[PDB]
Amino acid sequence: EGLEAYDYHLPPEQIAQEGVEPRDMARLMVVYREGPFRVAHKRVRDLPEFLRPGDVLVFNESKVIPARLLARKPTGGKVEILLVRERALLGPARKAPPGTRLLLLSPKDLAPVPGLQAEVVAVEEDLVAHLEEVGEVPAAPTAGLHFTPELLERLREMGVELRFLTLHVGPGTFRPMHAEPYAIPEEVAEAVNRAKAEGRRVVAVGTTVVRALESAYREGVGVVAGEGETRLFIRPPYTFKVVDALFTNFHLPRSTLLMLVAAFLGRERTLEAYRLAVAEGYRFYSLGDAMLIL
């Protein structure tokens with residue numbers, strides 16, 4: 001058993017190499033946690049049919065956390081380096097034309113980090129090129145990609161709340177399960193708790209949202225606003241305290257993501273639905289189709 005309990009045959013061909021356009025034309029398998037095994041073979045654009053006014057749809061929007069770096073040109077001039085994204089390529093700070101700089105140890109001794117170097121290349125592209133191994137201390141498709149401005153508007157029009165929490169990404173988060181740093185806005189925490197108090201559904205869009213909401217839950221309080229971090233491995237058995245429904249991609253065999261879905265939908269029912277998805281020609285992974293568990 002072990003990892004074999006979450007295994008299934010996934011034809012390599014069904015792992016989407018490109019997304020569908022419009023994005024909400026991707027297929028959507030609707031499966032239920034309770035009652036008899038039953039699914040609806042739809043498209044993401046059909047989501048409104050399965051939601052209702054008052055449902056709270058929670059998404060994650062990645063927020064980049066730049067890195068505060070201190071350098072020094074070989075000549076002697078200081079220069080700040082706000083490493084933003086592209087790994088370690090995009091940044092901006094201070095003057096000094098396109099030249100070369102030496103990475104200086106923050107605390108250590110403010111001395112030149114061995115081998116750590118960089119040189120200003122182009123400008124406003126996708127503005128610097130570093131060398132050596134970066135110092136620790138100092139873009140990726142997800143379930144949300146399936147939504148279009150149109151789908152979002154249709155959801156608003158039917159009274160579905162659209163709430164967004166923040167997943168922190170970028171150089172400013174580096175430290176080295178994969179820890180997940182996040183932030184939940186006050187209005188979001190408040191909206192989720194009021195919905196629960198009123199018996200309204202909290203619908204998670206993606207497992208990142210699931211992990212953040214469940215990690216932010218406090219007994220006697222509900223979900224707390226603010227920053228947080230979670231390295232919790234959600235897997236069977238697990239009782240969800242916040243998430244009432246889940247919109248998520250089709251995950252790879254033996255993946256921890258599949259394990260999280262298994263905890264929400266049930267391991268056996270999850271494997272059954274996945275086998276059906278395979279047999280029905282669904283596309284898998286990041287650019288593939290989606291699943292809605294109600």
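Hydrogens, waters and symmetry mates play no part in the numbers below; they use all other heavy atoms, side chains included. When a residue number appears, it is its place in the shown sequence, counting from 1.
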Any non-hydrogen side-chain atom of [X] less than 4.5 Å from a side-chain atom of [Y]?
{"X": "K196", "Y": "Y217", "value": "no"}
{"X": "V205", "Y": "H146", "value": "no"}
{"X": "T207", "Y": "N249", "value": "no"}
{"X": "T173", "Y": "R175", "value": "no"}
{"X": "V20", "Y": "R27", "value": "no"}
{"X": "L252", "Y": "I15", "value": "yes"}

Start with the C-alpha gap between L82 and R68, add the side-chain angles, then the distance that decides, and say whether side-chain contact (heavy atoms from CB on, under 4.5 Å) holds. CA-CA 5 Å; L82 287 177; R68 191 68 168 184; 3.8 Å; yes
Qualifying residues under ring pair (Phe, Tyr, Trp, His ring centres under 6.0 Å), relative to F50, sequence neighbours excluded: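 Partners of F50 under the ring pair (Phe, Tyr, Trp, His ring centres under 6.0 Å) test: none.
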What residues, two or more places apart in sequence or in another chain, satisfy ring pair (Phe, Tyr, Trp, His ring centres under 6.0 Å) together with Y32?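 For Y32 there are no ring pair (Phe, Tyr, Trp, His ring centres under 6.0 Å) partners, ignoring immediate neighbours.
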Single-linkage hydrophobic cluster, 4.5 Å side-chain cutoff, [X] and [Y] together:
{"X": "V39", "Y": "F250", "value": "yes"}
{"X": "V44", "Y": "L57", "value": "yes"}
{"X": "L246", "Y": "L47", "value": "no"}
{"X": "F59", "Y": "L145", "value": "no"}
{"X": "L292", "Y": "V56", "value": "no"}

So how far is it from [X] [atom1] to [Y] [atom2], rounded to the nearest 0.5 Å?
{"X": "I234", "Y": "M259", "atom1": "CD1", "atom2": "CE", "value": "13.0 Å"}
{"X": "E227", "Y": "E229", "atom1": "CD", "atom2": "CD", "value": "10.5 Å"}
{"X": "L265", "Y": "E34", "atom1": "CG", "atom2": "CD", "value": "11.0 Å"}
{"X": "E150", "Y": "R23", "atom1": "CD", "atom2": "CZ", "value": "8.5 Å"}
{"X": "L287", "Y": "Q17", "atom1": "CG", "atom2": "CD", "value": "7.5 Å"}
{"X": "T248", "Y": "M291", "atom1": "OG1", "atom2": "CE", "value": "8.5 Å"}

Determine the minimum heavy-atom distance between [X] and [Y], stating which atoms define it.
{"X": "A26", "Y": "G288", "result": "CB-O, 4.2 Å"}
{"X": "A5", "Y": "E1", "result": "CB-CG, 3.8 Å"}
{"X": "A204", "Y": "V210", "result": "CB-CG2, 3.6 Å"}
{"X": "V224", "Y": "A189", "result": "C-CB, 4.0 Å"}

Determine whether a donor-acceptor pair (N or O, by modelled atom type, separation under 3.5 Å) exists between the side chain of [X] and the backbone of [Y].
{"X": "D289", "Y": "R283", "answer": "yes"}
{"X": "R33", "Y": "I293", "answer": "no"}
{"X": "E18", "Y": "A16", "answer": "no"}
{"X": "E214", "Y": "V242", "answer": "yes"}
{"X": "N193", "Y": "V223", "answer": "yes"}
{"X": "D244", "Y": "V202", "answer": "yes"}

[X], [atom1]: over 12 other non-hydrogen atoms inside 6.0 angstrom:
{"X": "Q14", "atom1": "CD", "value": "yes"}
{"X": "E21", "atom1": "CD", "value": "yes"}
{"X": "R269", "atom1": "CZ", "value": "yes"}
{"X": "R38", "atom1": "CZ", "value": "yes"}
{"X": "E198", "atom1": "CD", "value": "yes"}

I'd like to know whether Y8 forms a side-chain contact (heavy atoms from CB on, under 4.5 Å) with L258, so could you lay out the CA-CA distance, the side-chain angles of the two residues, the decisive distance to 0.1 Å, and finally the verdict. CA-CA 11 Å; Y8 72 87; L258 177 69; 4.3 Å; yes
Got a list of side-chain donor-acceptor pairs under 3.5 Å for residues 151-168, not counting sequence neighbours?
{"unit_1": "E153", "atom_1": "OE1", "unit_2": "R156", "atom_2": "NH1", "d": "2.9"}
{"unit_1": "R154", "atom_1": "NH1", "unit_2": "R45", "atom_2": "O", "d": "2.7"}
{"unit_1": "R154", "atom_1": "NH2", "unit_2": "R45", "atom_2": "O", "d": "3.3"}
{"unit_1": "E161", "atom_1": "OE1", "unit_2": "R163", "atom_2": "NE", "d": "2.8"}
{"unit_1": "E161", "atom_1": "OE1", "unit_2": "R163", "atom_2": "NH2", "d": "2.7"}
{"unit_1": "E161", "atom_1": "OE2", "unit_2": "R200", "atom_2": "NH1", "d": "2.9"}

Which donor-acceptor pairs under 3.5 Å do the side chains of residues 270-280 make with protein atoms, sequence neighbours left out?
{"unit_1": "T270", "atom_1": "OG1", "unit_2": "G266", "atom_2": "O", "d": "2.6"}
{"unit_1": "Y274", "atom_1": "OH", "unit_2": "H251", "atom_2": "N", "d": "2.8"}

Among residues at least two apart in sequence or on other chains, which ones pass side chain to side chain contact (heavy atoms under 4.5 Å, CB included) with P236?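 Counting only residues at least two positions away or on another chain, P236 forms a side chain to side chain contact (heavy atoms under 4.5 Å, CB included) with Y6, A262, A263, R267.
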Ring-ring centroid check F147 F247, cutoff 6.0 Å: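 Ring centroids of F147 and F247 are less than 6.0 Å from each other.
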What about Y238 and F240, are their ring centers closer than 6.0 Å?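 Yes, the ring of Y238 comes within the 6.0 Å limit of the ring of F240, centre to centre.
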List the atom pairs, donor and acceptor, that lie under 3.5 Å between side-chain atoms in residues 178-185 and the rest of the protein, sequence neighbours left out.
{"unit_1": "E180", "atom_1": "OE1", "unit_2": "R211", "atom_2": "NE", "d": "3.3"}
{"unit_1": "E180", "atom_1": "OE1", "unit_2": "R211", "atom_2": "NH1", "d": "3.4"}
{"unit_1": "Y182", "atom_1": "OH", "unit_2": "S215", "atom_2": "OG", "d": "3.1"}

